[PDB]
Structures are given as C-alpha cells and as structure tokens.
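The form deposited in one PDB entry is given below as one chain in structure tokens.
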C-alpha cells in the first residue's frame, strides 16, 4: 500500500504503456499480475532477487526493480515519458470516444493535437465529434449543488411521462459524494421484467421527454436499453450557462432493480465486501440477482427482491445507508 508503492507504480506505468502505445497485450498483462503480487507482499522489497522469488516475477521485471531501487528512476520510464509519439497517444485518448486504437491511427496520420483534431473533424465519427466538442466540460467534475438540480428535473419528466416509472440516481452522488463525474440514472418500470419481451419505447419515451424540454442536448448512443448522452442545466438568467454533462440512463427489468441499484451504488469495495459476505451466508450477488447457494459446489434459484433491504436481510446484514456504502 505504501511499502510497495513506487514498485507497483512504476509497474503499472509500464504495463499501461505497453497496452497503449504498444499493442503488447501480454507484456502488458505481465506487468500487471506482477504489480498485483508485489502489491500484496508484506515487506519492503529489497532487490530484484527478492521480488524475483515471486510469481509472475521474472527476470525482466526484476531487473527493472533493481534499477529503480538503485537510482530513483528508470530509463525506459524516462524515455516513454518524454516520447512524443507516445505522449500523443496518451492524450488523444482523453477525448471521449477515442480509444488507443484510434489514438494510434490518428497519430500516424499525424493528429497529435486537439487542434489537429479540429481541422480533421471529418475523420472523426459522431461520438468523437461530440467528444471533441465538449472536451472542456467533459473533463470537469459535477457539483452536488448541480447534481441536485439535475436529479430534480429528471425525476420530474419521468413522472410526467408515466407515473409508473421508478428512477434512481446512482453512483457517488447517491452515496453523498460532493461531486460526481457524470450522472447515472437507473430505470425500471413494472411492465418490464425478465420475461415480458421488451418495450423499447420504455426507454425511448423518456429520452424523448428529456430532449423535449432541452435537458438532453445530444446523443452519444441510444439503444433499446441504454441511452448515453450529454445534458445541460438551463443556463438561467444569463451571464452563467452550464457545462455540458455526461449522462446515461438504463432500462431495467423491474424484477432486477435493487440488485442492480445495489450494485451501481457501490462503492467498488462495499460491493466486493458485500459480495464476499452473501457467500458465507450461503448466497450469490451479481449486478442483477441474488441466488441461494447449493452445496454440490454451486447452485441457482433467484430470490425475490423489493428493496435494497431485502438483499440486506437475505444476507442478514445491517441495512447500510448509501452514505455509508463507502467500503
């Protein structure tokens, strides 16, 4: 956690670089199990050899460990960190919709900068066009103060459209968070569940309302169950307009809301921790359900959920407010 810090850190830097600039999935993967192991190791690593004793720790990495221990650096880390070509890729990728793949392709052609991206708007597809457009606003964190205004609205239309809709704003915000990155609205409805062969309009009606009123400004991707767009709070009585914010809404089989909600509410740890518990308690939690565990090794049979609670009780725990879903 701190003893192994620099090590793991350099390791991750390394791995990342392989998978990004290089299309070296393996080495990429190498650096990671290793970083993952030395991570757990309970004692100051003193040399490659020491480390080397470890699984996934070869000679290659081990050798880096040394240099890094010896000189507080690493040449290759220096070289890459400097590397233009590589610097470029690291960066373009920031654009929403620009993955590594495309990032290399752009670079190749010579799209190193943001402006490059501009002059070449044409080489860009819709996602990345919007990505490029809201580049500033995308990189910015969402004030609760604003989260509250947004939430407010969303809940209104949803209700206005059909009163049957159930909507929940998930994530960090859900969990008290002073700022969020983007808004996650989970969404279900009664006429939709496991069997009941869809009703795409279900998603549709709402996306349509939100747009209707000018909340949703753009569409990144919309499908029968997952809409992905851009939103913006009405820039009041001018001098102050709001930044374009990433938002996503998902359709959900009412019969799988809470688990789902349980899930996306986090935290990533409270989850795992929660998860590890239902295990002992003879269960199985996953983004959509909770199944009682059978001795034969494994088992099924999806237990009935009506609130975050039920899940809790099931695993016989203490209902934990979102506020405290911290870990």
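Positions refer to the first chain, counted from 1.
Compared against other deposited entries of this protein, residue 198 counts as often unmodelled, lacking coordinates in at least a third of those that resolve the residues around it. For the pair 29-37 and 298-306, the mean Cα B-factor is higher in 298-306.
125-133 and 232-240 differ in mean CA B-factor, and the higher of the two is recorded for 232-240.
Which of 49, 261, 278, 65 has the largest Cα B-factor in the deposited entry comes down to 278. Based on the entry's C-alpha B-factors, the most elevated value among 214, 144, 201, 226 belongs to 201.
Among the modelled residues of the chain, residue 75 sits in the highest third by CA temperature factor in this PDB entry.
Per the deposited record, the Cα B-factor of residue 174 falls in the lowest third when ranked against the other modelled residues of its chain.
When the CA B factors of the chain's modelled residues are split into thirds, the value for residue 57 lands in the lowest one. Residue 197: CA B factor lies in the highest third for its chain, per the PDB record. The deposited CA B-factor of residue 112 belongs to the lowest third of values across its chain.
The protein also exists as the form deposited in another entry; that form is not presented, and the subsequent description refers to it.
Shown are candidates 114, 83, 208, 149; the hinge separating the rigid parts that shift between the shown form and the other one corresponds to 83.
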